[PDB]
Amino acid sequence: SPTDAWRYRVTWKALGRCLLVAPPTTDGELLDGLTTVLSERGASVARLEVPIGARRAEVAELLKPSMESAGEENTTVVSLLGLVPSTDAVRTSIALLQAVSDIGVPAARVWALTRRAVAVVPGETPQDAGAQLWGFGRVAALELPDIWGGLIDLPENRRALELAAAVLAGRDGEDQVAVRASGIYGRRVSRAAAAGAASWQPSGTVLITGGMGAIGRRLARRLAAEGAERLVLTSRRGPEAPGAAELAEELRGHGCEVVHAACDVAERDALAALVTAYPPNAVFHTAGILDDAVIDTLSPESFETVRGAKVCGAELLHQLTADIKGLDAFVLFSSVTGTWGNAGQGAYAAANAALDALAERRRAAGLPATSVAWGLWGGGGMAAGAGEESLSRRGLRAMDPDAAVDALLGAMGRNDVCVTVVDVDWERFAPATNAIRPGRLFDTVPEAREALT
């Protein structure tokens, strides 16, 4: 397939005065353990307590006195807020970064520690809370290069904590490492295998969220035209949506039966009622909202508005289809923003990062699921903001709608769990992305290591 050159994936290549920030009495041991390991490396440790739920203004007040205590000296902030499995932790973690930027303390590195955030070895799966932070973390690197340090995933302690400290004082810009008994691993993006002649053919009832969106409509026409027996489309306005009636009529012309319903995607009753009346054999989650707000202006409300349709939607579909044995397809439309990173879209990257983890957790649990981290989408309909605008200049090209759909069907054939399908001019991305923030992330890409000097 001509789109096999767009397939990438995430693999794991086995590779001063600190301020440990942690939730109210998170664990006397850990704090005592880290202090020791860090100090034995020429570090002057000073712990701070920041409760989950704390907002930026509050966090700024708690950090203010310890950050300015270093003056010109660099303060390496080691955050343990991510060890708490909750979205509140992610919210408070974002707040911590925002606060550090606000205090404007010259010289500072923020490192976010997590656990089970990413699955590096067989058996372990990515838990939501941690996966979200890594997503946001990558956006921070690009938005605040001089402030953001990196992400380190702990085993969850002698050598483990030891390796962790090494990463902090590492010589290589490995701002995405996973510490395991086997050792430390650095996140890498490598071209994925080929899809070839592999493809997927629709049958039975197909549920499509965000069906009145640019992707939604396109997906529907293609499915209905290729064997779908029934399509169930959900949208914010429902059948009263623009051209809703017109679209459904053309879709039934393919022989496919079509039903349209309204929903907030995250509304329980509305989705449950729908899968009850029309048990799906395949689910396609394209719902979501355009996000473009830099970290300094990322409000808590915006973070919720962004994850609502995306995260909440997929999680509800995950639970409402626990007894549906006929379900043999669970497709989540992610974004490359949550796998590679992209400035101005921190809330969007956290959300998409979560769709991917859900895919991983589902499959490893014997449940069908596929998560594709899309790049820029070709064609009519597709609204672009500051975020798409940034990816564009960096070297991403708008994939052809139809080609993109083929890539989907191709990925679904291979039965992928997570894959990045993006069209990129590496001879323009590698150098650009490196000018903002240097790193080892894309070194595993041939065309990337080429433009690099």
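We place every Cβ from the backbone using ideal geometry, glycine too, and count neighbours over all the protein chains shown. What follows draws every value from the coordinates through simple rules; no lab data is involved.
Approximating the spin labels as points 7 Å out from Cα along Cα→Cβ, the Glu229-to-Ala386 distance works out to 4.9 nm. Among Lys325, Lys13, sorting on how many other beta-carbon atoms sit within 10 Å of each Cβ, with the fewest leading, yields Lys325, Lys13. Here each label is just a point 7 Å from Cα along the line to Cβ, and for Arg159 and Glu315 those points are 3.6 nm apart. Counting neighbouring Cβ atoms within 10 Å and putting the fewest first, the residues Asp269, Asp128 line up as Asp269, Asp128.
Within straight-line reach of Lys325, meaning a Cα separation under 30 Å, sit the following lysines at least 8 residues removed in sequence or on another chain: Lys310. Taking the charge dipole of the chain about its Cα centre, with +1 at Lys and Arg Cβ atoms and -1 at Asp and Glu Cβ atoms, the residue from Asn281, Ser93, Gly213 reaching farthest to the positive side is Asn281.
Given their separation in residues at 0.36 nm each and the Cα-Cα distance between them, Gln201 and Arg393 gain 65.5 nm when the chain is fully extended.
Cα centroid separation, region 349-417 to region 1-56: 28 Å. Compared with the rule-of-thumb size 2.2 N^0.38 Å for a compact globular protein, the chain has a Cα radius of gyration ratio of 0.99. Of all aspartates and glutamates in the structure, those lying under 18 Å Cα to Cα from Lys13, and not within fewer than 8 positions of it along the same chain, are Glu124, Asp153, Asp172, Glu174, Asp175, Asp443.
A simple spin-label model places pseudo-atoms 7 Å from Cα toward Cβ; at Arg428 and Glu58 they are separated by 4.6 nm.
If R0 is 22 Å, the Cβ-Cβ spacing of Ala435 and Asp172 corresponds to a FRET efficiency of close to 0.75. The calculated FRET efficiency for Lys13 paired with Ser44, based on their beta-carbon distance and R0 = 45 Å, is about 0.90.
Extension gain for the segment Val259 to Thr276, taken as residue separation times 0.36 nm less the Cα-Cα distance, is 4.8 nm to one decimal. Here the convex hull built on the C-alpha positions of region 149-263 has a volume of 195 cubic angstrom per residue. Over the chain, dividing the summed -39,500 (n - 2.57) contributions of all DSSP H runs of at least 4 residues by the number of residues returns a 222 nm mean residue ellipticity of -11500 deg cm²/dmol. Annotation: region 1-52 has a Kirkwood hydrodynamic radius of 14.3 angstrom, from the mean reciprocal C-alpha pair distance. The order of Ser190, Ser335, going from fewest to most other C-beta atoms within 10 Å of their C-beta, is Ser190, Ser335.
Using Cβ point charges alone (K and R +1, D and E -1), the dipole size of the chain about the Cα centre works out to roughly 820 debye.
Annotation: for a label point projected 7 angstrom from Cα along Cα→Cβ of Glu450, residues of region 387-428 with backbone N closer than 19 Å are 394-398, 422-428. Each part reduced to its alpha carbon centroid, region 89-164 and region 207-240 end up 37 Å apart.
Comparing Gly173, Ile147, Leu332 along the charge dipole axis of the chain, the residue lying farthest to the positive side is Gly173, per the Cβ-charge model.
About its Cα centre, region 260-355 has a charge dipole of approximately 280 debye under the convention of +1 per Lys or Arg Cβ and -1 per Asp or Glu Cβ, with nothing else charged.
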